[PDB]
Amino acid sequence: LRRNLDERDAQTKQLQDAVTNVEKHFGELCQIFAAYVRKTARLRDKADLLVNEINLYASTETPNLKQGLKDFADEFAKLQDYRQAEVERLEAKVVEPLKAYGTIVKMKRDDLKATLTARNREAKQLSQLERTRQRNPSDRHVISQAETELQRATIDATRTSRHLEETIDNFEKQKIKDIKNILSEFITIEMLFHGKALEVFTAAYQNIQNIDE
């Protein structure tokens, strides 16, 4: 029935738009997290430049001031190693899992296309059956054959749509697990870095106090 076909299509469009919504927003988050990683690395570069200049300036100075400056530079350089570990973990645990949704989305689009193909085959077999009844009204045999082929197309379309509903449902379940895990990893990777920074800067504060002024 026509009012049922409008409903059936609108419901598949929702599954289609559900895949698109994730493709769009996980993909945007993926680009932003990659840019966040690049900006973290570019900040590490400037911190390296500071380490080098403090060391070079320290090499020109009186002994106690030189030692205090080198000790600071040694601690701060340690912080940039932790920043490098933060960059690598963010690439592996945040950017790469979001990037993998390109392939997940492609597989869902195949399931959606198979459903559209099966429904076109069904609609074609239904129009075939009505035409065959009209051209050969009294040929029970060829009508029965067209009825049998419609029933095959119908159950194949139902089963293809039934599989689609299951894979999209699993896709939504895994979407929630993934976004929880991806943001959790981002939070713990950052927390690890900020905790190490506090350790480093606490010690660096001592090495500056020992500079005899």
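Start at 1 with the first residue shown and count on from there.
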Higher average CA B factor in the deposited record is what I'm after, so tell me if that's 131-139 or 114-122. 131-139
Higher mean Cα B-factor in the deposited model: 9-17 or 201-209? 201-209
Please say which third, lowest, middle or highest, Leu56 falls into when its CA temperature factor is compared across its chain. lowest
Sorting the chain's modelled residues by C-alpha B-factor, tell me whether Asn64 ends up in the lowest, middle or highest third. middle
Once the chain's modelled residues are ordered by C-alpha B factor and cut into thirds, is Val22 in the lowest, middle or highest one? lowest
Where does the C-alpha B-factor of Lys177 rank in its chain, lowest, middle or highest third? middle
Which third of the chain holds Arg83 when residues are ordered by C-alpha B factor: lowest, middle or highest? middle
